[PDB]
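Heads up: the sequence lines are chains A and B, in that order.
Positions 4 to 243, 253 to 275, 301 to 427 (the authors' numbering) are the ones given, in order, by the first sequence.
Positions 5 to 215, 224 to 242, 316 to 421 (the authors' numbering) are the ones given, in order, by the second sequence.
Scroll down for the structure; my scribbles are underneath it.
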Amino acid sequence: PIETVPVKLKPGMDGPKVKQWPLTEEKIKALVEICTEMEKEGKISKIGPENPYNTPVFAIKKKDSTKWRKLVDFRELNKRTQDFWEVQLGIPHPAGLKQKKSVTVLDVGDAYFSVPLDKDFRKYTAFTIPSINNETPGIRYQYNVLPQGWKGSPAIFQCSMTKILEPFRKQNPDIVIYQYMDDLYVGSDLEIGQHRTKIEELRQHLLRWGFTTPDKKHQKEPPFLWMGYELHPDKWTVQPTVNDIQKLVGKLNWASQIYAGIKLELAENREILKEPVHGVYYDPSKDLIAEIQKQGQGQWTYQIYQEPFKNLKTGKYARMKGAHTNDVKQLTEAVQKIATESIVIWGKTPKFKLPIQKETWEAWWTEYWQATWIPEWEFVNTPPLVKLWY
Amino acid sequence: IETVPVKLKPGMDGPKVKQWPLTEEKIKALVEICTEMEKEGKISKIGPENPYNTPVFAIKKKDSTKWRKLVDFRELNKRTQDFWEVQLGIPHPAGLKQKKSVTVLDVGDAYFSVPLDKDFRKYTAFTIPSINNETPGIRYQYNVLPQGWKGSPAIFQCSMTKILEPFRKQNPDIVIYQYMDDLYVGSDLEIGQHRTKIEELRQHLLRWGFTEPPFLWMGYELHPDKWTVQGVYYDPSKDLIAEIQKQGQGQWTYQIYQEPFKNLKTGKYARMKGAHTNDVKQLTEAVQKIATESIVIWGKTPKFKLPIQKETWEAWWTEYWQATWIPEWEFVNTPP
Ligand SMILES: N#CCCc1ccc2c(S(=O)(=O)n3nc(Nc4ccc(C#N)c(Cl)c4)nc3N)cccc2c1
């Protein structure tokens, strides 16, 4: 139903005619049954001898299942297809951005097989399954939909997803939609009934565009535990020799986000882990406030919050390994780093509450040789002085 | 009309550059501009089959009701064809420096009128990002001659000369120079006469264009003779460099030269407005002034050496930029 995306191969390159070798009889019968079912569903098509291209195929026994899955080695074709649009995107911030009252999840497992493929590129997906004992030529097929394991299937699927869901987001700017693994997560601030009607409308929309989402309600629990972050409608939490030190350092770094106080330091780590914590979500109407604490020895701890006692985020900044580094220089690097992180995560740089005297920064600028970015800030009386001396 | 064939430098692929994150209001303004452009048919969406990327961001000119979109075609300009020595266009007049008055004008809409070659439109794709990495950005490509690309003036040369003949024939001393969108009108007369002639040329252009933008009519004045006079020679082949340094109490000192220890030009700048408290604002204004001065004096915008941290400059240079183009800059982290 959706329009196909034209795609070609790298110039000066030809289709895969790689030789294949015979397989087992039960495996070939399973492959025949799977191919017949796909032909019934339209995901596959028959091609005559005019197409000389051939690609390997093999069956893998599913874990604790009678049926075997078909897998086609696309390693040779992955170097034939043109380059696709790859995006170097970092993992989204731990849900710090915005809040939705109610959340539902849906399944899009079959959607990977509902996207039509380009007509010019179909004949390159040719694979053969030889008959038993090869007394007669085997059966040759090519895909009419996106094939699994192909290089360009994820990018095409993502673009199709975005183009399908653009109008729905246009009509309802309040409702947020994300796609994690095979689960489409929808979040809304509206009431239960309105959210239900909107979800049914979205399901009918996706059916109209051909993508399949089951009627049966998904069994996923409210704690989604996505990317090591326990996610709840109101709050969020972090996950509860030569190689042993790196593992411990990594496990200590992740726990420093919402379990504030992470710095014989094993005892303090165990003590702070015993205290449950939580983090509220960002609110757009209220402005952001970031507070700084000088822990010492080149370490700073920053807390981002809207209102006091409700932290949006917590983090730690450490000085760069050099011969000498001034205290105010570390402070400025920390504040600009927090500003950049807030720009990425929320979009608006926050105002700061720093334990520094106003004239100190003015003297610093009069003395500094580079150019630094300084936002408006309000001094707060805190025991750390960080006067910078002289 | 029939389109003009353009190509690339052989052995060179298209540009792919990462897009830096932007704030909320900048993204809203960019979305509005791009929606208007797509309604006008000068911008079209693309799928994932195009692996070429180019940054885009919004600036704000003085007295702007809406931001202005700006694209960083530096990678393409480096990687596009040698289309400007065989089709060089017009050599820069040597009269720009001696006159007392020169006024800048914007002619971007005339560029937007004429269409581009089809088999090149893939290389001018840009991407508007999203906040919190929530969704992939929105991708676009140009259907007409783009702004900030040096191929547009080279292609438009003929139409530009066709409409510039009467004014130049009126009096040979008043000269016109083109550089990207910028159109410099140079005269050595009184301010009133210069302004009247500038307005005459403005509605001359408006009368030629069948399709009165407030941004188009806005321009600023520059006085080359006000500068110090005190280079011995200049080599067009070599690329020149301009170094910026910070002097106390919001002062800045810039040196333009092709070879070290031989200053082609030296200058100082300062403005004690009170909104100067941002160092990046003062640096951006200084760098724009230096680049405009070099463009009046010489053909091309120079290379720049910025005394600033990489990430701070990268994050806080966009909002204070006001020019129509982007120079090439390099960061220095060693004190003098
Ligand atoms: N698995 C899994 C998780 C699914 C998910 C959802 C959204 C994401 C967004 S997001 O843009 O759609 N988004 N998120 C929130 N916060 C929020 C509030 C309440 C609940 C509940 N219950 C939830 Cl799951 C999220 N606010 C906005 N705007 C962005 C990035 C990454 C995401 C991953």
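C-beta atoms are modelled at their ideal positions from N, C-alpha and C, and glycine is treated no differently.
query                                                                                                                          : result
Contact set between residue 242/B and chain A, taken where Cβ atoms lie within less than 9 Å                                   : Those do not exist, as residue 242/B stays about 26 Å from chain A at its closest Cβ, beyond 9 Å.
Closer than 9 Å at the beta carbon, the chain A residues around residue 223/B                                                  : Absent here is residue 223/B, because the residues of chain B run from 215 on to 224 with nothing modelled in between.
Supposed contact pair residue 386/A and residue 412/A - C-beta distance, whole angstroms, cut 8 Å                              : 7 Å
beta-carbon residue 229/A near ligand 1 non-hydrogen atom, thresh 7 Å                                                          : yes
Minimum Cβ-Cβ distance from residue 352/B to chain A less than 8 Å                                                             : no
Backbone CA spacing between residue 181/A and residue 161/A [nearest angstrom]                                                 : 11 Å
Expected contact under 8 Å - CB spacing of residue 339/B and residue 329/B to nearest Å                                        : 5 Å
C-alpha gap between residue 109/A and residue 259/A, whole angstroms                                                           : 35 Å
Runs of beta strand (DSSP E) wholly within the region 78-134 of chain B (minimum 3 residues, chain order)                      : 105-110 and 129-132
Chain-ordered chain A contacts of residue 359/B [CB-CB under 7 Å]                                                              : By Cβ distance, chain A contributes nothing, its closest Cβ being about 14 Å from residue 359/B, past 7 Å.
Top-ranked residue by Cα proximity to residue 241/A, from 140/A, 269/A, 43/A and 57/A                                          : 269/A
Neighbour-count burial assignment, residue 143/B, 16 or more Cβ in a 10 Å radius                                               : buried
Three CB pairs or more closer than 8 Å across the region 90-100 of chain B and the region 398-415 of chain A                   : no
C-alpha gap between residue 83/B and residue 13/A, whole angstroms                                                             : 20 Å
Distance CB(residue 389/A)-CB(residue 327/A) smaller than 8 Å                                                                  : yes
CB contact flag (residue 176/A, residue 137/B, <8 Å)                                                                           : no
Coil, strand or helix - residue 411/A by DSSP                                                                                  : coil
Cβ-Cβ distance between residue 100/A and residue 427/A below 8 Å                                                               : no
Extent of the continuous beta strand (DSSP E) run through residue 367/B                                                        : First-last for residue 367/B: 364-382, but that is the alpha helix (DSSP H), not the beta strand (DSSP E).
Which listed residue (187/A, 424/A, 60/A and 93/A) has its alpha carbon closest to that of residue 30/A                        : 60/A
Beta-carbon neighbours of residue 9/A, restricted to chain B and to distances below 9 Å                                        : 51 and 53
Rounded C-alpha distance that separates residue 138/A from residue 25/A                                                        : 12 Å
For residue 356/B, the three-state DSSP class (helix, strand or coil)                                                          : coil
Chain B within 8 Å of residue 408/A, Cβ atoms only                                                                             : yes
Length of the line joining the Cα atoms of residue 324/B and residue 409/B                                                     : 21 Å
According to DSSP, residues forming a beta bridge with residue 57/A                                                            : 20/A
CB of residue 35/A within 8 Å of CB of residue 103/A, strictly                                                                 : no
Contact test: residue 136/B Cβ vs ligand 1 heavy atom, cutoff 7 Å                                                              : yes
Proximity winner among 362/B, 345/B, 337/B and 363/B, relative to residue 352/B (alpha-carbon distances)                       : 337/B
Distance cut-off 7 Å: residue 90/A Cβ against heavy atoms of ligand 1                                                          : no
Residue 234/A: CB within 7 Å of a non-hydrogen atom of ligand 1                                                                : yes
Neighbourhood of residue 146/B by C-beta distance below 6 Å, restricted to the same chain and skipping five residues each side : 128
Assumed close pair residue 75/A, residue 117/A - CB separation to whole angstroms, cut-off 8 Å                                 : Between residue 117/A and residue 75/A the Cβ distance is about 19 Å, and since that is not below 8 Å, they are no contact.
Per DSSP, cross-strand counterpart(s) of residue 84/A                                                                          : 12/A
CA-to-CA distance, residue 339/A to residue 312/A, given in whole angstroms                                                    : 20 Å
Residues in the region 152-164 of chain A having any Cβ partner in chain B nearer than 7 Å                                     : 158, 159, 161 and 162
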